[PDB]
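From first to last, the protein sequence lines stand for chains A and B. Take the first sequence: its letter number 462 is residue 470 in my numbering, and every next letter is one higher. Take the second sequence: its letter number 131 is residue 138 in my numbering, and every next letter is one higher. Just so it is clear, CB atoms sit at the ideal spot from N, CA and C, and this is done for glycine as well.
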Amino acid sequence: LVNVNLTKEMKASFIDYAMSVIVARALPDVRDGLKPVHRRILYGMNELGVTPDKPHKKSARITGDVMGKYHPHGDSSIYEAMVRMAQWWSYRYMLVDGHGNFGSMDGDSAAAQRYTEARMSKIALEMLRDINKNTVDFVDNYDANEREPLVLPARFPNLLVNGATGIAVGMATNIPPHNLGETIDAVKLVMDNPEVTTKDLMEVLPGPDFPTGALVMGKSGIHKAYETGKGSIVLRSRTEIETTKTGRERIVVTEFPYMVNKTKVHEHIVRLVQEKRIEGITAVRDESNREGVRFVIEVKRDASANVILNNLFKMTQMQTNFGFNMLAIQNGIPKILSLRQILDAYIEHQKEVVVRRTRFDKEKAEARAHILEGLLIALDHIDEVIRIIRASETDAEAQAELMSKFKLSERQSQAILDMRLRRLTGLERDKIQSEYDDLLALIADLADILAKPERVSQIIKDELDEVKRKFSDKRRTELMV
Amino acid sequence: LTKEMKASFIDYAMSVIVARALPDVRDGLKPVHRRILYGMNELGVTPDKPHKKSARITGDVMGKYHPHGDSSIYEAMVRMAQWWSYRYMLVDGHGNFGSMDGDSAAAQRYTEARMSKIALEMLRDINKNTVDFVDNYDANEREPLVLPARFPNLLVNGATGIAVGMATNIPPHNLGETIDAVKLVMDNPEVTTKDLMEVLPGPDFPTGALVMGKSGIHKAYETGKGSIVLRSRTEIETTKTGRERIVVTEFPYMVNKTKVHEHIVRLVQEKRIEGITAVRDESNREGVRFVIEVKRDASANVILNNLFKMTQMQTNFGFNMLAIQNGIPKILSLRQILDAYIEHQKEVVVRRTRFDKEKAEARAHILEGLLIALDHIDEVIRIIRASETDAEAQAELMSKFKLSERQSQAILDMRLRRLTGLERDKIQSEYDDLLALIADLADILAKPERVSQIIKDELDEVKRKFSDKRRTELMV
Numbered sequence: 009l010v011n012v013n014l015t016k017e018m019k020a021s022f023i024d025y026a027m028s029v030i031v032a033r034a035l036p037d038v039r040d041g042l043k044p045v046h047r048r049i050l051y052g053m054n055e056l057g058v059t060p061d062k063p064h065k066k067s068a069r070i071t072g073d074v075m076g077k078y079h080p081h082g083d084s085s086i087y088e089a090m091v092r093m094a095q096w097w098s099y100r101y102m103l104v105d106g107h108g109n110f111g112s113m114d115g116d117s118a119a120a121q122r123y124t125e126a127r128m129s130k131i132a133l134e135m136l137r138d139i140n141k142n143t144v145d146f147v148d149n150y151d152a153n154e155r156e157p158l159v160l161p162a163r164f165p166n167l168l169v170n171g172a173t174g175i176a177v178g179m180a181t182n183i184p185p186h187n188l189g190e191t192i193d194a195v196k197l198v199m200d201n202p203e204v205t206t207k208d209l210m211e212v213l214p215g216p217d218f219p220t221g222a223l224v225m226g227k228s229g230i231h232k233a234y235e236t237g238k239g240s241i242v243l244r245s246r247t248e249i250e251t252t253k254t255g256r257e258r259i260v261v262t263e264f265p266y267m268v269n270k271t272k273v274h275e276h277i278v279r280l281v282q283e284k285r286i287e288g289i290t291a292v293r294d295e296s297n298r299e300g301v302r303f304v305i306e307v308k309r310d311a312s313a314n315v316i317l318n319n320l321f322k323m324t325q326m327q328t329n330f331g332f333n334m335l336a337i338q339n340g341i342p343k344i345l346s347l348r349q350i351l352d353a354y355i356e357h358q359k360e361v362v363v364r365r366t367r368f369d370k371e372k373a374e375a376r377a378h379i380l381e382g383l384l385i386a387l388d389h390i391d392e393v394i395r396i397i398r399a400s401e402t403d404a405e406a407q408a409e410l411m412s413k414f415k416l417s418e419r420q421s422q423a424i425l426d427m428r429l430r431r432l433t434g435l436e437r438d439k440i441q442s443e444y445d446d447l448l449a450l451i452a453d454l455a456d457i458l459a460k461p462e463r464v465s466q467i468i469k470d471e472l473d474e475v476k477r478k479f480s481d482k483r484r485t486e487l488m489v
Numbered sequence: 008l009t010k011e012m013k014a015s016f017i018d019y020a021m022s023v024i025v026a027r028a029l030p031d032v033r034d035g036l037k038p039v040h041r042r043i044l045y046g047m048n049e050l051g052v053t054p055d056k057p058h059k060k061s062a063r064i065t066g067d068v069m070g071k072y073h074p075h076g077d078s079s080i081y082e083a084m085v086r087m088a089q090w091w092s093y094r095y096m097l098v099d100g101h102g103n104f105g106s107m108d109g110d111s112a113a114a115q116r117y118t119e120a121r122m123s124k125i126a127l128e129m130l131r132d133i134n135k136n137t138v139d140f141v142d143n144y145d146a147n148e149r150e151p152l153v154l155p156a157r158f159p160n161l162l163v164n165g166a167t168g169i170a171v172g173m174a175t176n177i178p179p180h181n182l183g184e185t186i187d188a189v190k191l192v193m194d195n196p197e198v199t200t201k202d203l204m205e206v207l208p209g210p211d212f213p214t215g216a217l218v219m220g221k222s223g224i225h226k227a228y229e230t231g232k233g234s235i236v237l238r239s240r241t242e243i244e245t246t247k248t249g250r251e252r253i254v255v256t257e258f259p260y261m262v263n264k265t266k267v268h269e270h271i272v273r274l275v276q277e278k279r280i281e282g283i284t285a286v287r288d289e290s291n292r293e294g295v296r297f298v299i300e301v302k303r304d305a306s307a308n309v310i311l312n313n314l315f316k317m318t319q320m321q322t323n324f325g326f327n328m329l330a331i332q333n334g335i336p337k338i339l340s341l342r343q344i345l346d347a348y349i350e351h352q353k354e355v356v357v358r359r360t361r362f363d364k365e366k367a368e369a370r371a372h373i374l375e376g377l378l379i380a381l382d383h384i385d386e387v388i389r390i391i392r393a394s395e396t397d398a399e400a401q402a403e404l405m406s407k408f409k410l411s412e413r414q415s416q417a418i419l420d421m422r423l424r425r426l427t428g429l430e431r432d433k434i435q436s437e438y439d440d441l442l443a444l445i446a447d448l449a450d451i452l453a454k455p456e457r458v459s460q461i462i463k464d465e466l467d468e469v470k471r472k473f474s475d476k477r478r479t480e481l482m483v
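In structure tokens form, the structure reads like this:
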């Protein structure tokens, strides 16, 4: 069978086994927290240029395209994450704009692979634009040729606020979600104020949010989990007693906390009927739910319906003991972070992002500056260089005489030599001079941004406010003590 | 639990390593490339017909197996078209493939290829039950895990692995030198490493370099570990105005000219020797003309040693030289490649002999029935006239003479054209011919050296057909 005798290669293959199973499935990353397959989806959708501006497209074709541009990995988790980042209700924020059959929230994952027709959302335009941006190393695949980026850089801790699902690999962890607006607020307060305290930002930060809209009670678990990320908290559904025209009372729920089925709990209600461990209950009904979710339990008189609500949030699954585990990974090794340290690593990432983008733009401007330096030096002593080309013979003689007379490089001399008559009007000569000084002003501006670091902070805050303007984030949940 | 996690670790690590790391000792052929050649043989279309321009081949490949990308399968196609990287030859093709330049041929199906000349005799004897098979995951077609060989391509094309635990460098060699090594180990089970130095003067390249060391080569062929020098060719000639002109044709392996030239431009332009503005490195479609001209008041050899310190015109090329067989990796030396290929060809030839005995003795049993039929005929005819059923006729023939069911029914398969006497003598003649060939194969099976003689026969076949010299000029 095995007959493998060398324990050393067993240990080495076992370390690669463990770390590769880590790297494969979902991890608390530095910059996106995502699966690498998510990164694959995003980078393929970007570099194919499939915008939401353009119309919809059959997406299983795109799935096979990305699968063929990448490794021959299995289709299952691919199509799973394809659905998951198109599910509007599960992830708090919108990524993939599907068009087909999914199942709403009640245990029917419709998997119509033929009908896989979709687009994306407009938030990847805020997520990543690294076309020219020297940011991230690449790994090569098909006989080691074609790029794949290591990480997903951004200007945005959105995926902090999204939430994570990486549990069964080694030890368990997740990321519970918040909303974005007060996140922007507390972040900018740390930006302009690098020496703030936790609880004063808890004054800025409400509870961990949920897309359905949850009733939150208690803050001791909030105190523990904003610090150390461990503990379960209690969650209740928006549930009311309503009187009829007859005086009969009605238990009316609006939503539920996270990871709840209507139908499994409904079967559990029918159990509780036939289990004969709860009384009073008459009608278990649910209709018209697509204009708005409306599930109604209706109970006879002389029953103490609020005590029955107490019995619901004691024994039924309507009560939620929602636990946290945010056990981080920063450059491979597992860690654990406070809410400050997350944003700190975000800050220094934005530092490196804007610095490297500015240096790429710097080298753009420097190269074009050397171009226009050569142009203006050609404009200096024109007829002498006319005599030069009327005299000399070769590339070597021309470059030697131009370097002796004007101290320029070879490419500069040849770009001089590539000047035609139709770029010899004094109009375009002074337009060269004008755009030359424009780029000089841009170089000086970027050097001034290199002088002081806080301009980066200010521009980040500006475009955070732009995103919060285009993406107003009202609340949906409710916190109590 | 954790033992089952260790089992998953072991089995999945074996899956990844046997998938995309080093291939078997028995072939030296990675299973991607193995299935490329197997499906291209099972295209059936000869290289004589003009080689095709289609992704239909690779579509049947991906129907045979689902990878994590068929673009990687096309990368395997193209890397086996890299004659400048992997030696002679595995692709009869026409399309864009570039050179060792930094070339990106995005035209995937637009290239042409089909079977190659070495592949033809390289993968015969499929019709002789030589190699075992396994079923795919698709439960519809089969595939072989190993291949039959007509040379150890282990030595012909090297290895450039990846570090799943560690990568592996294996250098290429020469055709006829490998043939002479096979003949040497065949004639003597008592060879030495100096014998290997004789029949292999050194590993070679499709491009050429210089390997100055000797004991590194010695430790390479003995220990399996060591690094060598790969050096560019240097030619010092005289400019008409007095400049020590340097001509370069050879290079270290896996070294593009482009980025090396760019770093040479950088090293010039970092407050060093700047008067060498002479880099005439072009016209490389006839060969390699990598020519610089050293400036005046400067010797060429100092700049040569400085670019050797730049590790691109002289490079410490290491070797890991590992292998996979019997599910285990192995540190390599010779008499391992050698004896493995020998006993593999022994397996192939002897199993071919057994299959040919199967066909020959089946046909001999047929012609037994034929001649015993053609002995006495008309009495059989008249007793058939005393019957009305082929089952009755079969029982009649079993009463008449000793036959098989197949023999009886084949004797029933006789029209009136079968009723002559000259064809009796013809069947008897081929019957004695077939008995003589069966006795020949039995005597060959009672001969160990005859197998080696058949190996010599196929070696002389491919030696009359092809040979190659040491293009890689190596001084030590």
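Using three-state DSSP, classify residue i as helix, strand or coil.
i	result
A:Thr-191	helix
B:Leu-339	coil
B:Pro-54	coil
B:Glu-49	coil
A:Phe-479	coil
A:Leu-487	strand
A:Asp-456	helix
B:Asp-132	coil
B:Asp-67	helix
May I have the straight-line CA-CA distance separating residue i from residue j, to the nearest angstrom?
i	j	result
B:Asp-55	A:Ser-28	47 Å
A:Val-393	B:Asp-304	30 Å
A:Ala-373	A:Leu-384	16 Å
B:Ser-106	B:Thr-167	18 Å
B:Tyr-72	B:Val-254	49 Å
B:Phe-104	B:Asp-420	58 Å
A:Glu-134	A:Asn-54	12 Å
A:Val-307	A:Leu-243	24 Å
B:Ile-384	B:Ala-369	23 Å
B:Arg-431	B:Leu-381	6 Å
A:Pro-161	B:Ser-306	50 Å
A:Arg-463	A:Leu-50	30 Å
A:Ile-70	B:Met-87	28 Å
Smallest Cα separation from residue i: which of the options?
i	options	result
A:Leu-197	A:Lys-232, A:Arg-364 and A:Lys-469	A:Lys-469
A:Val-304	A:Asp-352, A:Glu-125, A:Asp-294 and A:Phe-264	A:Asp-294
A:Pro-63	A:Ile-457, A:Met-128 and A:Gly-229	A:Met-128
A:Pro-219	A:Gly-41, A:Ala-408, A:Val-177 and A:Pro-185	A:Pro-185
B:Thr-118	B:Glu-82, B:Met-261, B:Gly-376 and B:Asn-147	B:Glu-82
B:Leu-203	B:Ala-216, B:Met-219, B:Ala-20 and B:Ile-224	B:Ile-224
B:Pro-336	B:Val-32, B:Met-12, B:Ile-133 and B:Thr-9	B:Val-32
B:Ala-146	B:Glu-468, B:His-40, B:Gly-70 and B:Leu-441	B:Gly-70
A:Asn-329	A:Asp-352, A:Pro-265, A:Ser-312 and A:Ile-277	A:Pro-265
So who's on the other strand from residue i, going by DSSP bridges?
i	result
A:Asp-105	A:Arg-127
B:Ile-177	B:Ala-166
B:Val-141	B:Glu-150
B:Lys-59	B:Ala-120
B:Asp-31	B:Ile-331
Practice problem: Please specify which runs of the beta strand (DSSP E), each continuous and at least 3 residues long, are wholly inside the segment 269-338 of chain A, giving them in chain order. | Solution: 289-294, 303-307 and 328-332
Quiz prompt | Every unbroken alpha helix (DSSP H) inside the segment 374-427 of chain B [4 residues or more] | solution = 385-392, 397-407 and 412-419
Exercise. With a floor of 4 residues, list each alpha helix (DSSP H) that falls wholly inside the segment 183-269 of chain B, ordered by position along the chain.
Key: 200-206 and 222-230
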